[PDB]
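J.: The structure file entry-v1.cif (mmCIF, C-alpha atoms (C1' of nucleotides); chains and numbers go by the auth columns) is provided below.
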```cif
data_data
#
loop_
_atom_site.group_PDB
_atom_site.id
_atom_site.type_symbol
_atom_site.label_atom_id
_atom_site.label_comp_id
_atom_site.label_asym_id
_atom_site.label_seq_id
_atom_site.Cartn_x
_atom_site.Cartn_y
_atom_site.Cartn_z
_atom_site.B_iso_or_equiv
_atom_site.auth_seq_id
_atom_site.auth_asym_id
ATOM 1 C CA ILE A 1 -8.797 -30.279 -31.890 0.00 1 A
ATOM 2 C CA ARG A 2 -11.058 -27.294 -33.089 0.00 2 A
ATOM 3 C CA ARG A 3 -10.920 -24.951 -29.959 0.00 3 A
ATOM 4 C CA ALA A 4 -7.082 -25.649 -29.996 0.00 4 A
ATOM 5 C CA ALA A 5 -6.830 -24.222 -33.578 0.00 5 A
ATOM 6 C CA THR A 6 -9.638 -21.588 -33.265 0.00 6 A
ATOM 7 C CA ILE A 7 -7.230 -18.633 -32.549 0.00 7 A
ATOM 8 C CA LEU A 8 -6.058 -19.291 -36.189 0.00 8 A
ATOM 9 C CA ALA A 9 -9.285 -20.565 -37.902 0.00 9 A
ATOM 10 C CA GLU A 10 -11.669 -17.939 -36.344 0.00 10 A
ATOM 11 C CA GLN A 11 -9.077 -15.269 -37.391 0.00 11 A
ATOM 12 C CA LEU A 12 -10.567 -15.095 -40.955 0.00 12 A
ATOM 13 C CA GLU A 13 -14.037 -13.507 -40.427 0.00 13 A
ATOM 14 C CA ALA A 14 -11.590 -10.915 -39.016 0.00 14 A
ATOM 15 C CA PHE A 15 -10.911 -9.739 -42.668 0.00 15 A
ATOM 16 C CA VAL A 16 -14.450 -9.738 -44.260 0.00 16 A
ATOM 17 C CA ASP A 17 -18.227 -9.567 -43.200 0.00 17 A
ATOM 18 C CA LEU A 18 -17.080 -6.265 -41.871 0.00 18 A
ATOM 19 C CA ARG A 19 -19.486 -5.282 -38.954 0.00 19 A
ATOM 20 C CA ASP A 20 -17.951 -4.862 -35.408 0.00 20 A
ATOM 21 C CA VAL A 21 -18.411 -4.245 -31.603 0.00 21 A
ATOM 22 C CA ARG A 22 -18.268 -1.483 -28.778 0.00 22 A
ATOM 23 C CA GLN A 23 -19.686 0.068 -25.493 0.00 23 A
ATOM 24 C CA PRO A 24 -20.743 3.657 -24.333 0.00 24 A
ATOM 25 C CA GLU A 25 -20.606 6.327 -21.540 0.00 25 A
ATOM 26 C CA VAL A 26 -24.087 7.328 -20.242 0.00 26 A
ATOM 27 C CA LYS A 27 -24.170 9.427 -16.947 0.00 27 A
ATOM 28 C CA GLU A 28 -23.989 13.064 -15.690 0.00 28 A
ATOM 29 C CA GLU A 29 -22.016 14.723 -12.850 0.00 29 A
ATOM 30 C CA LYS A 30 -24.740 15.660 -10.184 0.00 30 A
ATOM 31 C CA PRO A 31 -26.584 17.577 -8.265 0.00 31 A
ATOM 32 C CA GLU A 32 -28.793 20.746 -7.591 0.00 32 A
ATOM 33 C CA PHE A 33 -32.353 22.023 -6.648 0.00 33 A
ATOM 34 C CA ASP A 34 -35.434 21.609 -6.617 0.00 34 A
ATOM 35 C CA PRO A 35 -35.105 18.739 -3.976 0.00 35 A
ATOM 36 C CA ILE A 36 -37.506 16.350 -5.853 0.00 36 A
ATOM 37 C CA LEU A 37 -34.302 14.376 -6.806 0.00 37 A
ATOM 38 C CA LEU A 38 -32.271 15.163 -3.586 0.00 38 A
ATOM 39 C CA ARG A 39 -33.879 12.234 -1.596 0.00 39 A
ATOM 40 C CA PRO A 40 -32.778 8.708 -0.432 0.00 40 A
ATOM 41 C CA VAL A 41 -35.093 5.615 -0.696 0.00 41 A
ATOM 42 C CA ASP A 42 -36.581 6.597 2.767 0.00 42 A
ATOM 43 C CA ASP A 43 -39.089 8.866 0.936 0.00 43 A
ATOM 44 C CA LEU A 44 -40.627 5.976 -1.158 0.00 44 A
ATOM 45 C CA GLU A 45 -42.553 3.864 1.473 0.00 45 A
ATOM 46 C CA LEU A 46 -41.236 0.366 0.342 0.00 46 A
ATOM 47 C CA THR A 47 -40.154 -3.088 1.821 0.00 47 A
ATOM 48 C CA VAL A 48 -36.984 -4.155 3.750 0.00 48 A
ATOM 49 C CA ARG A 49 -35.173 -6.763 1.486 0.00 49 A
ATOM 50 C CA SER A 50 -35.602 -4.112 -1.305 0.00 50 A
ATOM 51 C CA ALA A 51 -34.063 -1.517 1.099 0.00 51 A
ATOM 52 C CA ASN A 52 -31.083 -3.936 1.745 0.00 52 A
ATOM 53 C CA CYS A 53 -30.294 -4.788 -1.912 0.00 53 A
ATOM 54 C "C1'" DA B 1 81.123 43.271 -2.567 0.00 1 B
ATOM 55 C "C1'" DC B 2 78.162 40.735 -4.647 0.00 2 B
ATOM 56 C "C1'" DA B 3 76.467 37.601 -8.402 0.00 3 B
ATOM 57 C "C1'" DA B 4 74.817 33.157 -10.258 0.00 4 B
ATOM 58 C "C1'" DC B 5 76.859 29.270 -11.488 0.00 5 B
ATOM 59 C "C1'" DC B 6 78.943 24.014 -11.072 0.00 6 B
ATOM 60 C "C1'" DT B 7 77.322 19.883 -8.654 0.00 7 B
ATOM 61 C "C1'" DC B 8 74.100 16.326 -6.703 0.00 8 B
ATOM 62 C "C1'" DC B 9 71.300 18.178 -1.372 0.00 9 B
ATOM 63 C "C1'" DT B 10 66.239 17.440 0.168 0.00 10 B
ATOM 64 C "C1'" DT B 11 62.014 19.087 0.024 0.00 11 B
ATOM 65 C "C1'" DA B 12 57.106 18.130 -1.612 0.00 12 B
ATOM 66 C "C1'" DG B 13 53.256 19.281 -5.016 0.00 13 B
ATOM 67 C "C1'" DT B 14 50.042 16.695 -7.859 0.00 14 B
ATOM 68 C "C1'" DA B 15 48.187 11.666 -9.747 0.00 15 B
ATOM 69 C "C1'" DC B 16 41.099 11.510 -14.968 0.00 16 B
ATOM 70 C "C1'" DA B 17 35.742 9.420 -14.896 0.00 17 B
ATOM 71 C "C1'" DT B 18 30.722 7.088 -14.089 0.00 18 B
ATOM 72 C "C1'" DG B 19 28.517 3.151 -11.108 0.00 19 B
ATOM 73 C "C1'" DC B 20 27.129 -1.148 -7.868 0.00 20 B
ATOM 74 C "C1'" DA B 21 27.821 -4.322 -3.848 0.00 21 B
ATOM 75 C "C1'" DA B 22 28.606 -4.619 2.253 0.00 22 B
ATOM 76 C "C1'" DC B 23 28.684 -5.810 7.508 0.00 23 B
ATOM 77 C "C1'" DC B 24 29.779 -2.089 11.573 0.00 24 B
ATOM 78 C "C1'" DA B 25 33.957 -4.491 15.954 0.00 25 B
ATOM 79 C "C1'" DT B 26 38.655 -2.822 19.320 0.00 26 B
ATOM 80 C "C1'" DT B 27 40.566 -0.698 24.570 0.00 27 B
ATOM 81 C "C1'" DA B 28 40.668 -0.843 30.180 0.00 28 B
ATOM 82 C "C1'" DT B 29 40.983 2.382 33.575 0.00 29 B
ATOM 83 C "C1'" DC B 30 40.978 0.317 41.366 0.00 30 B
ATOM 84 C "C1'" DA B 31 35.865 5.119 41.032 0.00 31 B
ATOM 85 C "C1'" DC B 32 37.059 3.318 44.719 0.00 32 B
ATOM 86 C "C1'" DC B 33 32.945 4.834 49.104 0.00 33 B
ATOM 87 C "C1'" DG B 34 32.055 8.380 51.962 0.00 34 B
ATOM 88 C "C1'" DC B 35 28.188 11.729 52.719 0.00 35 B
ATOM 89 C "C1'" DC B 36 23.288 13.208 52.354 0.00 36 B
ATOM 90 C "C1'" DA B 37 20.054 14.836 49.387 0.00 37 B
ATOM 91 C "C1'" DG B 38 15.161 16.448 49.041 0.00 38 B
ATOM 92 C "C1'" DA B 39 14.324 11.749 48.121 0.00 39 B
ATOM 93 C "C1'" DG B 40 13.051 6.950 48.281 0.00 40 B
ATOM 94 C "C1'" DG B 41 9.794 4.348 50.782 0.00 41 B
ATOM 95 C "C1'" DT B 42 5.084 3.718 52.840 0.00 42 B
ATOM 96 C "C1'" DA B 43 1.840 4.666 56.333 0.00 43 B
ATOM 97 C "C1'" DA B 44 -2.433 7.030 56.967 0.00 44 B
ATOM 98 C "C1'" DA B 45 -6.294 10.612 54.082 0.00 45 B
ATOM 99 C "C1'" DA B 46 -6.551 13.481 50.347 0.00 46 B
ATOM 100 C "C1'" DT B 47 -8.359 13.135 44.861 0.00 47 B
ATOM 101 C "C1'" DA B 48 -12.406 10.707 45.475 0.00 48 B
ATOM 102 C "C1'" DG B 49 -12.559 4.805 43.646 0.00 49 B
ATOM 103 C "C1'" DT B 50 -12.818 0.135 43.271 0.00 50 B
ATOM 104 C "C1'" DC B 51 -15.888 -4.085 41.966 0.00 51 B
ATOM 105 C "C1'" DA B 52 -18.570 -7.200 44.564 0.00 52 B
ATOM 106 C "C1'" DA B 53 -23.125 -7.576 46.223 0.00 53 B
ATOM 107 C "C1'" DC B 54 -28.038 -7.687 44.778 0.00 54 B
ATOM 108 C "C1'" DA B 55 -30.412 -5.965 42.084 0.00 55 B
ATOM 109 C "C1'" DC B 56 -31.356 -3.989 37.624 0.00 56 B
ATOM 110 C "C1'" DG B 57 -32.308 -4.150 32.500 0.00 57 B
ATOM 111 C "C1'" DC B 58 -31.068 -4.901 27.879 0.00 58 B
ATOM 112 C "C1'" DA B 59 -28.827 -6.648 23.461 0.00 59 B
ATOM 113 C "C1'" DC B 60 -27.616 -9.982 20.787 0.00 60 B
ATOM 114 C "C1'" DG B 61 -27.537 -14.181 18.552 0.00 61 B
ATOM 115 C "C1'" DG B 62 -29.302 -18.719 17.404 0.00 62 B
ATOM 116 C "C1'" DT B 63 -32.931 -21.453 16.638 0.00 63 B
ATOM 117 C "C1'" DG B 64 -36.943 -21.622 14.219 0.00 64 B
ATOM 118 C "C1'" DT B 65 -40.164 -20.256 10.371 0.00 65 B
ATOM 119 C "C1'" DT B 66 -40.974 -17.715 6.680 0.00 66 B
ATOM 120 C "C1'" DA B 67 -39.891 -15.272 2.385 0.00 67 B
ATOM 121 C "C1'" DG B 68 -38.226 -14.702 -2.303 0.00 68 B
ATOM 122 C "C1'" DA B 69 -34.682 -15.078 -5.025 0.00 69 B
ATOM 123 C "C1'" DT B 70 -31.946 -17.365 -8.064 0.00 70 B
ATOM 124 C "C1'" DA B 71 -30.209 -20.973 -11.069 0.00 71 B
ATOM 125 C "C1'" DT B 72 -31.796 -24.225 -13.032 0.00 72 B
ATOM 126 C "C1'" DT B 73 -34.732 -26.226 -16.510 0.00 73 B
ATOM 127 C "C1'" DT B 74 -37.392 -25.469 -20.623 0.00 74 B
ATOM 128 C "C1'" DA B 75 -38.314 -23.120 -25.197 0.00 75 B
ATOM 129 C "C1'" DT B 76 -38.612 -19.523 -27.780 0.00 76 B
ATOM 130 C "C1'" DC B 77 -36.404 -15.774 -30.728 0.00 77 B
ATOM 131 C "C1'" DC B 78 -32.913 -13.155 -33.444 0.00 78 B
ATOM 132 C "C1'" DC B 79 -28.555 -12.328 -35.215 0.00 79 B
ATOM 133 C "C1'" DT B 80 -25.363 -14.491 -37.351 0.00 80 B
ATOM 134 C "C1'" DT B 81 -22.978 -17.648 -40.566 0.00 81 B
ATOM 135 C "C1'" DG B 82 -21.368 -19.117 -44.984 0.00 82 B
ATOM 136 C "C1'" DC B 83 -22.062 -19.224 -49.811 0.00 83 B
ATOM 137 C "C1'" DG B 84 -23.518 -17.061 -53.890 0.00 84 B
ATOM 138 C "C1'" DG B 85 -24.975 -13.688 -57.543 0.00 85 B
ATOM 139 C "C1'" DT B 86 -23.382 -10.123 -59.514 0.00 86 B
ATOM 140 C "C1'" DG B 87 -22.411 -5.679 -57.502 0.00 87 B
ATOM 141 C "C1'" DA B 88 -20.263 0.891 -59.611 0.00 88 B
ATOM 142 C "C1'" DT B 89 -15.998 -0.283 -56.973 0.00 89 B
ATOM 143 C "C1'" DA B 90 -10.712 1.223 -58.058 0.00 90 B
ATOM 144 C "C1'" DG B 91 -9.277 4.774 -60.474 0.00 91 B
ATOM 145 C "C1'" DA B 92 -8.514 6.123 -65.629 0.00 92 B
ATOM 146 C "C1'" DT B 93 -10.440 8.958 -68.119 0.00 93 B
ATOM 147 C "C1'" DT B 94 -13.687 12.721 -69.655 0.00 94 B
#
```
Using structure tokens, write down the structure from this file.
T.:
Amino acid sequence: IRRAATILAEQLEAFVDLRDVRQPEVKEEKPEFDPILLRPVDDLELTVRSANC
DNA sequence: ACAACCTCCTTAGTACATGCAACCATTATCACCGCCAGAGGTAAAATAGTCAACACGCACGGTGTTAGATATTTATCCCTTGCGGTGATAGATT
């Protein structure tokens, strides 16, 4: 039975021990000079399976 | 001379508002058939070309080997649980 009653048993920690959970936003909107960043992987001199994935 | 009035005459002007569902037929009717148009047909040559031949030449895909990645296994680590000790809350007062 326990998993079949868990959305009623594990609904109790819900009211105490009161630390919680969440995710962010992290990027910027792109792009300008100097062209040190304005380059594809072509500029790196690296292998082919890397260049596929 | 006219006026409107008595009576049933007929005429004909209208009939509230919002919305949804359904599919689009019936006619017969000589169009004759004669002429000839530019105008349908097609042979022979322009506007130009097919695809088979023998060459040409290349791409692609499958079989083979290699690569490395991934999902497993293992084991480690931390973040979490639940209870407990005792916390300065909640809020009444200063």
J.: I'd like the residues picked by the PyMOL selection byres ((chain B) within 10 of (chain A)) written out as a ChimeraX atom specification, using the chain letters and numbers from the file.
T.: /B:67-68,81
J.: Separation of CA of residue 52 in chain A and CA of residue 39 in chain A, in Å?
T.: 16.7 Å
J.: When you draw a straight line from CA of residue 33 in chain A to CA of residue 48 in chain A, how long is it in Å?
T.: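 Distance between the two atoms: 28.5 Å.
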J.: Starting from 3 Å padding per side, set up an axis-aligned box that covers all listed atoms of range 56-65 of chain B and hand over centre and edge lengths in Å, one decimal, as lines of an AutoDock Vina configuration file.
T.:
```
center_x = -33.9
center_y = -12.8
center_z = 24.0
size_x = 18.6
size_y = 23.6
size_z = 33.3
```
J.: Mind pulling up the distance from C1' of residue 79 in chain B to CA of residue 16 in chain A?
T.: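 Going from CA of residue 16 in chain A over to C1' of residue 79 in chain B covers 17.0 Å.
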